[PDB]
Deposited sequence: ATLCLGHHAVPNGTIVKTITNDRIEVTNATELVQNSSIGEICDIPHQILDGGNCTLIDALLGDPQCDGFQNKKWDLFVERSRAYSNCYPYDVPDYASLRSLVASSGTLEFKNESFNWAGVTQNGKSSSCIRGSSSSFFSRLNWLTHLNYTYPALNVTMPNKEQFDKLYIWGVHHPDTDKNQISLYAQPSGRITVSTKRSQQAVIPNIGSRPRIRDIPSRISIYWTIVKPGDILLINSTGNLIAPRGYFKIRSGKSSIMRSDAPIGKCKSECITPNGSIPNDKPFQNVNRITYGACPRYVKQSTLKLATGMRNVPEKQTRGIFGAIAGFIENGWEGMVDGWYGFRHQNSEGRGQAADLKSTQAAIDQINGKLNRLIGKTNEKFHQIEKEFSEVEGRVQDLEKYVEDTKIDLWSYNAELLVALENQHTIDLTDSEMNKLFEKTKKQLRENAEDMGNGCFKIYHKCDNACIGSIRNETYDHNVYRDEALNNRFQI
């Protein structure tokens, strides 16, 4: 009889990378880089708020377009690129910081407070800000002006008797002219001091024409202040104050904001990107560096294939597969390793289950460490910028670029080591089954060197089966075998 040890092969293998080889074919691999989105943001499990035409900041101030956003909450606020401001023209010094802190607070919940604006007109309006047919203003702000050509210095307080922090949004009006300055606040100067036991902010208006927006050459600047529990807001002004009508709760949670034009859909997905949700089964993704939720890590590579089978040899350090075994057996489809024999009763093929299962368990082990293991991230840094800003933006970008190169490196190295190891462990399993069989045969057979043993005795099907199920008793055939082997 002849008993040959072998392993399977497939007609259609896959190319992977190892430590030593850019391009080597295995029987099977799996992709570790997610490269597509379904192109929609799934609305489960994260609570999504579609900004539509409104920026977060405009929803905050109460631009008329944004009245539907009053007191809303979100896990992720989605800002659309078509969003536009449609109220009094304003800027926010350190706009990105205000956006950021509201985003991660995750709420626009507002509470009215009663201020003693003694001696001034309230509820200033503008046709740059139309609410319902008429001149209006930011819903959360209170434009104060002269009453009877008098603007009597303001000096109001508001203790924080609450358990939580209050966020106050206020402003300063910059009139285009000294004339408008006078006719608005009956006063040439105009000064604002807003303070607490912990902080002070002081602002003087800057008079001058700015280019007209909805016919307004004047401008408002927006500021904010956080009042801790037991502290006190004190607003001391003699003109130009755009006053708050109350406070926002400021919370600390996992909320964020993302710029995206992707539609919201009724589906479930843990990981969100501007492009849409992406599955998070893979450890890496190449869809977008901007992400929210439990997401694969962003890498530069568009693909990284993890070998999930042995080297494919159609028809490693252990020397068996692609070694002393000339090639794989495509006809073996019920196992990874097995036996072909020829004896007096014919020629046959049988899978070896234990060795097949050993290789598969090791590979499944690798997969369990790498698949469905992603990390959860929420409010991050900004990663795209529409305007040159210099030093801080240079650092923001450098930090992300650094991080991405390091992860891309981790990904490349991980797959190469794992693949080299997969090829070696599968080669080893082959070598181990061969060795175990050789030992079973003792003096009754000889290694032909091509993975085949010549067995020097009659070995019928039951005899072959006794080898494969490891009950073969070499003593039974020894006399016969030694006589055939050692003749002249």
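- No C-alpha positions are given for the deposited-sequence stretch 316-319, and it is the only one.
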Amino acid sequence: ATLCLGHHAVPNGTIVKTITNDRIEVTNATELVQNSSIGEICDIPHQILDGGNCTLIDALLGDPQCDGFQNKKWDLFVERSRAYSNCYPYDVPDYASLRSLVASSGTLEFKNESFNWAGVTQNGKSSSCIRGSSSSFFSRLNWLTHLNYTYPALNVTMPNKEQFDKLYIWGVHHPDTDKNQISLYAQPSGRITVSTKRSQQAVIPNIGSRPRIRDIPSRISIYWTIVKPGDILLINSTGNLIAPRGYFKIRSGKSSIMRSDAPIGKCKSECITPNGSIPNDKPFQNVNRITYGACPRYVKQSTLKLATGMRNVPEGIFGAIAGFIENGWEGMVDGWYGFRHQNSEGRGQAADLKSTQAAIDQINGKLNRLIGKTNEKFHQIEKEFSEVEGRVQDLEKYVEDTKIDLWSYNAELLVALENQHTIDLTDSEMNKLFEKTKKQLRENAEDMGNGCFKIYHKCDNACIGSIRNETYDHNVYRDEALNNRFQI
From here on, numbers count along this sequence of modelled residues.
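- Just going by the entry, 256-264 versus 137-145 on mean CA temperature factor gives the higher value to 137-145.
- When the two stretches 80-88 and 413-421 are set side by side, the higher mean Cα temperature factor goes to 80-88.
- Across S114, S105, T225, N312, the greatest Cα temperature factor reported in the deposited entry is at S114.
- Within the selection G276, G190, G338, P279, the deposited Cα B-factor values reach their highest point at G190.
- In the deposited entry, the Cα temperature factor of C452 places it in the middle third of its chain's modelled residues.
- Ranked by C-alpha B-factor against the other modelled residues of its chain, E162 falls in the highest third.
- The deposited CA B-factor of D231 belongs to the highest third of values across its chain.
- Looking at the C-alpha B-factors along this chain, the one for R485 belongs to the highest third.
- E40 sits in the middle third of its chain by CA B factor, as recorded in the PDB entry.
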